[PDB]
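Numbering (PDB author numbering), first residue to last: 7 to 145. What follows is a single structure, written as structure tokens, with notes after it.
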Ligand SMILES: N#CCc1ccccc1CC(=O)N1CCC[C@H](C(N)=O)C1
Ligand SMILES: [Zn+2]
């Protein structure tokens, strides 16, 4: 679990969005596993606008942060789950690092701010849904 809070927006994994997120829907994209909802309170986070490929992510299944080298956002095949059929997920970045079911929503950050959130994983890999291209989050 986990979310990004920036301005009057809450960014969460689409498959973990609540009834309240859907009732205050701003934008969603099943192909990216992202959903953005509106909030009444101003948010705590800053979004990176960069092309960093190194950063640090929070891993809830270890209660620890880990450094990672990650691939550029791309179209990656993701196996079927209870949430989605087998499909290509877009804007996804992979890295070697621990992740297990329950770790989605952990933040990945570089020196410029928030880069994205955990969205996939398995076998010593962790995948992050990029948010750096969503320029409208800042206005
Ligand atoms: N961290 C983590 C998740 C994880 C880690 C390790 C093993 C398995 C998983 C679960 C998994 O990859 N997904 C289930 C939920 C929806 C995700 C998607 N974006 O399509 C895919
Ligand atoms: Zn950066």
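Ideal placement from N, C-alpha and C gives every residue a C-beta, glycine not left out.
**Q.** residue 118, DSSP secondary structure in three states
**A.** coil
Q.
Short of 7 Å in beta carbon distance, which residues of its chain neighbour residue 33, apart from the five on each side in sequence? Order them along the chain.
A. 42
Q | Identified DSSP bridge partners for residue 93 | A | 84
Q) So, is residue 19 buried or exposed, given that buried needs 16 or more other C-beta atoms within 10 angstroms? A) buried
Q: Please confirm if the stretch 133-140 is in contact with the stretch 95-102, defined as three or more CB-CB distances below 8 Å between the two stretches.
A: yes
Q) Under 7 Å from any heavy atom of ligand 2, does the C-beta of residue 118 make it? A) yes
**Q.** Inter-residue Cα distance where the pair is residue 110 and residue 116
**A.** 18 Å
**Q.** Span of the beta strand (DSSP E) around residue 71
**A.** 70-75
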